[PDB]
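> The sequence isn't on hand, but the structure is:
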């Protein structure tokens, strides 16, 4: 969880929080949990739905939840700062794992 200051308009700042991997795990987990006590899935016991299920039967919604939990860590960061109004959240996004590789090919003619 490393934050980086973008712009500063006198007393109006705009910080950028970027969360680690493990951090997303826990956040994910808080989600998985938070949901189990709120939704029901045809084929599973109450509060027993696996993450693979939710993650696939929730679509980008589960992704939002995971982010929500990641937000909580924020408050506990501005403790030393003397604030006026509660910090707003301009934007946010969760980028899933991804791999890339380019290759060079030669054809006939």
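The structure has been received and is ready for your questions. Residues are numbered from 1 along each chain as shown.
> Return the residues in contact with the residue nearest the centre of the chain.
What sits nearest the mean C-alpha location of the chain, by Cα atoms, centre = their mean, is residue 67, with 3.0 Å. Contacts here follow Cβ atoms under 8 Å, 6 or more residues apart in numbering; on that basis residue 67 touches 27, 92, 93, 94. Just so you know, the C-beta spots here come from the backbone N, C-alpha and C atoms, and that holds for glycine as well.
> before we move on, what about residue 36?
Here residue 36 is in contact with 46, 47, 48, 49 (criterion: Cβ under 8 Å, 6+ apart).
> which of those residues sit farthest apart?
46 and 49 (8.9 Å; Cβ to Cβ).
> Secondary structure element holding the residue nearest to the centre of the chain?
Per DSSP states H and E, residue 67 falls inside helix 60-72.
> still on that earlier bit, which one's more surrounded, residue 46 and residue 49?
A direct count of neighbours by other Cβ atoms under 10 Å for residue 46 and residue 49 places residue 49 higher, at 19 against 10.
> ok, the more buried one to residue 25 distance?
Using Cβ to Cβ, to the nearest Å, we find residue 49 at a distance of 18 Å from residue 25.
> okay, now residue 28: neighbour count?
There are 21 residues near residue 28, going by other Cβ under 10 Å.
> again but with residue 68, I slipped
Residue 68: 13 neighbours (other Cβ under 10 Å).
> can you check residue 94 too?
16.
> And the helices in the protein?
Per DSSP state H, the chain carries helices over the ranges 21-36, 51-57, 60-72.
> Let's have these in CSV, adding distance to residue 108.
As requested, the helices of the chain are arranged in CSV below (distance: least, Cβ to Cβ, whole Å):
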stretch, distance to residue 108
helix 21-36, 45
helix 51-57, 43
helix 60-72, 44
